[PDB]
């Protein structure tokens, strides 16, 4: 049932700004959306780095309770490992966490949902959608 993998950027964008456009897409694609543990730690970091952690955590908890958090498996690691190497030979710069999110999607064959496509665009074998 899972088709889309929500990245960190599109997530934080949604939690902070709560855009209406994203609400409809979320309500429509409910059940086919998931995030990576990599994405999770990042949103946890944001909440824990704030002066009102508990408040922000709860907001996050509501978000997470409606989707599935997939665990970074050996498959994700393998794919990302390859990916990292490929980008190196090509000299394309992608951030670490983002590299892992991309690998996680490839391992499970999911669609990356982002607001910054240009970032994931360098990696090959990836279908990306901009829900911004």
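Positions refer to the first chain, counted from 1.
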{"item": "75-83 set against 37-45, stretch whose average Cα temperature factor tops the other in the entry", "value": "75-83"}
{"item": "Mean C-alpha temperature factor, higher of 50-58 and 86-94", "value": "86-94"}
{"item": "Ranked C-alpha temperature factor of residue 128 among modelled chain residues, by third", "value": "middle"}
{"item": "Assigned third (lowest, middle, highest) for the C-alpha B factor of residue 64", "value": "highest"}
{"item": "Residue 108 CA temperature factor, ranked by third within the chain", "value": "middle"}
{"item": "Assigned third (lowest, middle, highest) for the C-alpha B factor of residue 118", "value": "highest"}
{"item": "Where the record places residue 23 (Cα B-factor, split into thirds across the chain)", "value": "highest"}
